[PDB]
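*Asks:* Once you've had a glance at the structure underneath, I'll fire off some questions.
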Amino acid sequence: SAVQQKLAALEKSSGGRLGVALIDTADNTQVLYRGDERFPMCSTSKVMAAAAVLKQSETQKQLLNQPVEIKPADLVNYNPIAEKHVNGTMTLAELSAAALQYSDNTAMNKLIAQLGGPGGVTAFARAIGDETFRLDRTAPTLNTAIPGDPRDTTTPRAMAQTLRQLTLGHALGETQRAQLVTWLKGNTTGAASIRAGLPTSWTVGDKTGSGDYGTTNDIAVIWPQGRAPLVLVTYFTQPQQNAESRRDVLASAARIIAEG
Ligand SMILES: *C(=O)[C@@H](NC(=O)[C@H](N)c1ccccc1)[C@@H]1N[C@@H](C(=O)O)C(C)(C)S1
């Protein structure tokens, strides 16, 4: 197509490896660029963890109100919210909000522990039909993003298909799906990524990701006004370990997609 040429041109101008997957839910067509290649998810895998706890809430009705201790030894590299409740407690609802809207790594590790380890997160992915998603490590070592390392990776095709079933499909209950949609719309970390390349009248819920080798990710569900919703995944990684983040590439990919 024409989007393929411009995405390939954007990737050439960036010096890195770009992966894009779009699903238009009006006709279920797919716009893929390197859609079957493996990319490090970094903190875009947090959506899987929050959705798995939400799935647990379908049986444990009062699970999200359960308090969880935040002790100093739980602190890691980036804890913007959990820093404020040390020697106190946060409920699983506020931990999911801290993980999704502020990318709190301590909040993520608390979701992983609630699920019985990273194997419990991958289990939820297989239970909803995702055979590519694999979580192998806790935060922050899941952000190492070594080239060729299969740990903590997924493909754009699989992540877009899964994100649709969670936010638009019916892998979750209504209260759970609406709670996940509300969380993603309140994200505070994606102003410079997918959101920066979309028409400002479009409402977006998204989750960003960052890691070593300049890894810059963003997955998003997009509601255009007067049009069926869309799902967009943008993965980007770079050859140099000390590479700087490239959120501008994610915006440019979204603009190329939105024009399509
Ligand atoms: C996952 O994406 C997380 N990233 C990390 O833990 C990295 N070790 C890191 C990268 C850059 C600065 C500090 C730590 C969290 N999610 C990122 C994001 O959404 O962009 C993050 C920078 C907020 S940290």
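Residues are referred to by chain and number: the chain letter is A, B, ... according to the order shown in the structure tokens, the number counts from 1 in that chain, and ligands are numbered separately from 1 in the order shown.
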Give as a PyMOL selection string the residues surrounding ligand 1 up to a distance of 8 Å, considering only C-alpha atoms and all ligand atoms.

*Replies:* chain A and resi 41-44+77-78+102-105+139-144+189-190+207-212+216-217+245

*Asks:* Could those selected residues go to a file with C-alpha atoms, as a PDB file, in the first residue's frame?

*Replies:*
ATOM      1  CA  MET A  41       7.039  -4.611  25.256  1.00  0.00           C
ATOM      2  CA  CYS A  42       8.611  -2.852  28.278  1.00  0.00           C
ATOM      3  CA  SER A  43       5.761  -1.228  30.265  1.00  0.00           C
ATOM      4  CA  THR A  44       3.115  -1.838  27.608  1.00  0.00           C
ATOM      5  CA  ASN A  77      13.807   2.273  39.767  1.00  0.00           C
ATOM      6  CA  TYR A  78      10.597   4.233  39.057  1.00  0.00           C
ATOM      7  CA  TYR A 102       1.849   6.657  35.691  1.00  0.00           C
ATOM      8  CA  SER A 103       3.854   3.535  34.703  1.00  0.00           C
ATOM      9  CA  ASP A 104       4.668   2.752  38.334  1.00  0.00           C
ATOM     10  CA  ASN A 105       6.984  -0.264  38.330  1.00  0.00           C
ATOM     11  CA  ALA A 139      10.117  -4.724  36.805  1.00  0.00           C
ATOM     12  CA  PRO A 140      12.503  -3.213  36.044  1.00  0.00           C
ATOM     13  CA  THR A 141      14.627  -5.988  34.508  1.00  0.00           C
ATOM     14  CA  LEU A 142      11.842  -6.631  31.976  1.00  0.00           C
ATOM     15  CA  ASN A 143      12.959  -3.357  30.326  1.00  0.00           C
ATOM     16  CA  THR A 144      16.430  -4.544  29.268  1.00  0.00           C
ATOM     17  CA  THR A 189       2.640   9.468  29.921  1.00  0.00           C
ATOM     18  CA  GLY A 190       1.603   9.472  26.261  1.00  0.00           C
ATOM     19  CA  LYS A 207      -0.094   2.823  27.494  1.00  0.00           C
ATOM     20  CA  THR A 208       3.512   3.807  26.824  1.00  0.00           C
ATOM     21  CA  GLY A 209       6.735   1.855  27.201  1.00  0.00           C
ATOM     22  CA  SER A 210      10.416   2.678  27.538  1.00  0.00           C
ATOM     23  CA  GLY A 211      13.598   0.702  27.993  1.00  0.00           C
ATOM     24  CA  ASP A 212      17.214   0.229  27.033  1.00  0.00           C
ATOM     25  CA  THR A 216       9.940   3.497  22.730  1.00  0.00           C
ATOM     26  CA  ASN A 217       6.512   1.853  22.634  1.00  0.00           C
ATOM     27  CA  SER A 245      13.952   7.754  23.538  1.00  0.00           C
TER      28      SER A 245
END

*Asks:* As a VMD selection string, list the residues of segment 7-247 of chain A assigned to strand (DSSP E or B) by DSSP on the backbone atoms of this structure.

*Replies:* chain A and resid 17 to 24 29 to 33 39 to 40 67 to 70 88 to 91 134 153 to 154 203 to 211 215 to 223 230 to 237

*Asks:* Given the selection you just returned, output its residues as a file containing C-alpha atoms, formatted as an mmCIF file, in the first residue's frame.

*Replies:*
data_model
loop_
_atom_site.group_PDB
_atom_site.id
_atom_site.type_symbol
_atom_site.label_atom_id
_atom_site.label_comp_id
_atom_site.auth_asym_id
_atom_site.auth_seq_id
_atom_site.Cartn_x
_atom_site.Cartn_y
_atom_site.Cartn_z
ATOM 1 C CA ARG A 17 13.464 -0.922 13.827
ATOM 2 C CA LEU A 18 9.778 0.033 13.735
ATOM 3 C CA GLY A 19 6.717 -2.149 14.256
ATOM 4 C CA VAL A 20 3.134 -1.009 13.641
ATOM 5 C CA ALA A 21 -0.225 -2.798 13.802
ATOM 6 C CA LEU A 22 -3.583 -1.120 13.170
ATOM 7 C CA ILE A 23 -6.999 -2.796 13.302
ATOM 8 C CA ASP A 24 -10.027 -0.892 12.004
ATOM 9 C CA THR A 29 -8.892 -4.817 8.093
ATOM 10 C CA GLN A 30 -5.285 -4.799 9.254
ATOM 11 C CA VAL A 31 -2.445 -2.368 8.553
ATOM 12 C CA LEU A 32 0.781 -4.139 9.519
ATOM 13 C CA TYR A 33 4.439 -3.146 9.305
ATOM 14 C CA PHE A 39 9.662 -6.378 19.990
ATOM 15 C CA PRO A 40 10.296 -5.739 23.692
ATOM 16 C CA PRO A 67 -5.345 -3.278 50.516
ATOM 17 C CA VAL A 68 -1.747 -4.235 49.761
ATOM 18 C CA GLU A 69 1.265 -3.257 51.861
ATOM 19 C CA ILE A 70 3.901 -0.974 50.341
ATOM 20 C CA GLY A 88 1.208 2.268 54.263
ATOM 21 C CA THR A 89 -1.182 0.440 51.935
ATOM 22 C CA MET A 90 -2.635 0.900 48.465
ATOM 23 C CA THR A 91 -5.583 -1.075 47.150
ATOM 24 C CA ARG A 134 5.264 -13.794 27.109
ATOM 25 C CA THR A 153 8.378 -9.680 23.983
ATOM 26 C CA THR A 154 5.371 -9.762 21.674
ATOM 27 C CA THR A 203 -10.279 10.409 22.150
ATOM 28 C CA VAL A 204 -7.477 7.955 22.928
ATOM 29 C CA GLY A 205 -6.600 5.528 25.685
ATOM 30 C CA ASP A 206 -3.018 4.339 25.599
ATOM 31 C CA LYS A 207 -0.094 2.823 27.494
ATOM 32 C CA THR A 208 3.512 3.807 26.824
ATOM 33 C CA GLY A 209 6.735 1.855 27.201
ATOM 34 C CA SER A 210 10.416 2.678 27.538
ATOM 35 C CA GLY A 211 13.598 0.702 27.993
ATOM 36 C CA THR A 215 13.017 1.278 23.102
ATOM 37 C CA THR A 216 9.940 3.497 22.730
ATOM 38 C CA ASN A 217 6.512 1.853 22.634
ATOM 39 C CA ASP A 218 2.856 2.851 22.704
ATOM 40 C CA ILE A 219 -0.331 0.810 22.319
ATOM 41 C CA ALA A 220 -3.632 2.626 21.963
ATOM 42 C CA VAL A 221 -7.351 2.242 21.340
ATOM 43 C CA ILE A 222 -8.744 5.137 19.314
ATOM 44 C CA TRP A 223 -12.339 6.372 19.053
ATOM 45 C CA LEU A 230 -9.453 1.704 16.034
ATOM 46 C CA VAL A 231 -6.580 -0.091 17.759
ATOM 47 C CA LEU A 232 -2.984 1.023 17.186
ATOM 48 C CA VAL A 233 0.291 -0.524 18.363
ATOM 49 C CA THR A 234 3.627 1.202 17.701
ATOM 50 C CA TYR A 235 6.877 -0.497 18.746
ATOM 51 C CA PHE A 236 10.318 1.024 18.193
ATOM 52 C CA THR A 237 13.814 -0.098 19.203
#

*Asks:* Give me the residues within 10 Å of residue 109 of chain A as a tab-separated table (two decimals) with C-alpha atoms, in the first residue's frame, counting only C-alpha atoms and dropping any in the same chain fewer than 3 places off.

*Replies:*
chain	number	residue	atom	x	y	z
A	46	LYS	CA	1.32	-3.56	32.21
A	49	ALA	CA	-1.22	-7.48	34.20
A	74	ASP	CA	9.26	-3.03	47.31
A	75	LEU	CA	10.78	0.11	45.78
A	76	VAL	CA	12.62	-0.13	42.46
A	95	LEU	CA	-2.09	-0.01	42.08
A	99	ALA	CA	0.65	1.08	36.84
A	104	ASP	CA	4.67	2.75	38.33
A	105	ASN	CA	6.98	-0.26	38.33
A	106	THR	CA	6.34	-1.05	42.00
A	112	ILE	CA	2.42	-9.63	39.15
A	113	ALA	CA	2.52	-10.93	42.73
A	114	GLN	CA	-1.29	-10.87	42.88
A	115	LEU	CA	-1.26	-13.16	39.83
A	117	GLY	CA	4.38	-14.38	39.29
A	118	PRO	CA	5.07	-13.48	35.65
A	137	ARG	CA	10.60	-11.04	34.47
A	138	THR	CA	9.43	-8.44	36.95
A	139	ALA	CA	10.12	-4.72	36.81
A	140	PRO	CA	12.50	-3.21	36.04

*Asks:* Restricting the calculation to only C-alpha atoms: of A:50, A:228, A:213, A:96, which residue gets closest to residue 244 of chain A?

*Replies:* A:213

*Asks:* Can you work out the spacing between atom CA of residue 93 of chain A and atom CA of residue 176 of chain A in Å, to one decimal?

*Replies:*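 Value for the atom CA of residue 93 of chain A-atom CA of residue 176 of chain A distance: 11.2 Å.
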
*Asks:* A:194, A:80, A:14, A:25: which is nearest residue 243 of chain A, counting only C-alpha atoms?

*Replies:* A:14

*Asks:* Can you tell me, as a ChimeraX atom specification, which residues in segment 61-110 of chain A count as alpha helix (DSSP H) by DSSP?

*Replies:* /A:92-101,105-110

*Asks:* For the residues selected in the previous step, produce a file with N, CA and C atoms as an mmCIF file, in the first residue's frame.

*Replies:*
data_model
loop_
_atom_site.group_PDB
_atom_site.id
_atom_site.type_symbol
_atom_site.label_atom_id
_atom_site.label_comp_id
_atom_site.auth_asym_id
_atom_site.auth_seq_id
_atom_site.Cartn_x
_atom_site.Cartn_y
_atom_site.Cartn_z
ATOM 1 N N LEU A 92 -5.702 -2.637 45.304
ATOM 2 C CA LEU A 92 -5.387 -3.130 43.968
ATOM 3 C C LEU A 92 -5.945 -2.229 42.876
ATOM 4 N N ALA A 93 -6.978 -1.440 43.178
ATOM 5 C CA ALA A 93 -7.486 -0.486 42.197
ATOM 6 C C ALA A 93 -6.507 0.664 41.995
ATOM 7 N N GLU A 94 -5.958 1.201 43.087
ATOM 8 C CA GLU A 94 -4.998 2.293 42.967
ATOM 9 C C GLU A 94 -3.655 1.808 42.437
ATOM 10 N N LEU A 95 -3.310 0.541 42.676
ATOM 11 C CA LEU A 95 -2.094 -0.011 42.084
ATOM 12 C C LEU A 95 -2.249 -0.184 40.579
ATOM 13 N N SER A 96 -3.429 -0.615 40.129
ATOM 14 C CA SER A 96 -3.679 -0.719 38.696
ATOM 15 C C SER A 96 -3.679 0.655 38.038
ATOM 16 N N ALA A 97 -4.237 1.660 38.717
ATOM 17 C CA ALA A 97 -4.225 3.015 38.176
ATOM 18 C C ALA A 97 -2.812 3.583 38.146
ATOM 19 N N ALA A 98 -2.022 3.319 39.190
ATOM 20 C CA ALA A 98 -0.638 3.780 39.203
ATOM 21 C C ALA A 98 0.183 3.089 38.122
ATOM 22 N N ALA A 99 -0.100 1.812 37.861
ATOM 23 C CA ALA A 99 0.647 1.085 36.841
ATOM 24 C C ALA A 99 0.277 1.553 35.439
ATOM 25 N N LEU A 100 -1.010 1.806 35.193
ATOM 26 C CA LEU A 100 -1.456 2.111 33.838
ATOM 27 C C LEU A 100 -1.283 3.586 33.491
ATOM 28 N N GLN A 101 -1.561 4.487 34.434
ATOM 29 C CA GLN A 101 -1.563 5.912 34.132
ATOM 30 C C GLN A 101 -0.264 6.624 34.485
ATOM 31 N N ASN A 105 6.448 1.092 38.397
ATOM 32 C CA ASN A 105 6.984 -0.264 38.330
ATOM 33 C C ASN A 105 6.725 -1.043 39.613
ATOM 34 N N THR A 106 6.707 -0.365 40.764
ATOM 35 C CA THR A 106 6.343 -1.045 42.003
ATOM 36 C C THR A 106 4.893 -1.509 41.960
ATOM 37 N N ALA A 107 4.008 -0.689 41.386
ATOM 38 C CA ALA A 107 2.614 -1.093 41.233
ATOM 39 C C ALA A 107 2.486 -2.295 40.305
ATOM 40 N N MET A 108 3.314 -2.352 39.258
ATOM 41 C CA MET A 108 3.303 -3.506 38.364
ATOM 42 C C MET A 108 3.702 -4.777 39.102
ATOM 43 N N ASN A 109 4.819 -4.731 39.834
ATOM 44 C CA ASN A 109 5.267 -5.905 40.573
ATOM 45 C C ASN A 109 4.227 -6.363 41.586
ATOM 46 N N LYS A 110 3.402 -5.441 42.087
ATOM 47 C CA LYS A 110 2.326 -5.838 42.986
ATOM 48 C C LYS A 110 1.201 -6.535 42.232
#

*Asks:* Set the distance at 6 Å and use only C-alpha atoms: which residues neighbour residue 202 of chain A once local chain neighbours fewer than 2 positions away are removed? I'd like the list as a JSON list (two decimals) with C-alpha atoms, in the first residue's frame.

*Replies:*
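Wrote it out as selection-v2.json, contents follow:
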[["chain", "number", "residue", "atom", "x", "y", "z"],
["A", 199, "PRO", "CA", -6.48, 14.64, 15.31],
["A", 200, "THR", "CA", -7.12, 16.37, 18.63],
["A", 223, "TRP", "CA", -12.34, 6.37, 19.05],
["A", 224, "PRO", "CA", -12.83, 8.78, 16.13]]

*Asks:* Return the single residue from A:13, A:161, A:193, A:60 that is closest to residue 35 of chain A, with distances computed using only C-alpha atoms.

*Replies:*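 Distance minimum relative to residue 35 of chain A lands on A:161.
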
*Asks:* Using atom CA of residue 196 of chain A and atom CA of residue 12 of chain A as the two end points, give the distance in Å to one decimal.

*Replies:*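 For atom CA of residue 196 of chain A relative to atom CA of residue 12 of chain A, the distance reads 20.5 Å.
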